[PDB]
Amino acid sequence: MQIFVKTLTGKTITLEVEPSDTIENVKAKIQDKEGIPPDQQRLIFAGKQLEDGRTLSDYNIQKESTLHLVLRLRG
């Protein structure tokens, strides 16, 4: 699917996925390309957090959607 994932530096990376994919799968796809471990990944859509055992279709996440990636920053 043609969808967008927006990062905190204002960068968006695009992935091709299927709705039957798990939240676990998205995190794995993002990891391969940016190197962040899934246990470090937090995914947000329509102000809701996506849960690991769910599929994209469960949240009705469709083509041309924009996703948010949250980072947990130290200080």
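We call the rigid core whatever largest set of C-alpha positions still superposes within 1.5 Å between the two forms. Residue numbers here begin at 1 and follow the sequence given.
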Outlying stretch relative to shown form, 50-58 versus 9-17 in 5 other deposited structures of this protein, C-alpha RMS (core)
9-17
Would you tell me which stretch averages the higher CA B-factor in the PDB entry, 63-71 or 18-26?
18-26
Looking at the temperature factor on the CA atom of residue 38, which third of the chain's modelled residues does it land in?
middle
Where the record places residue 3 (Cα B-factor, split into thirds across the chain):
highest
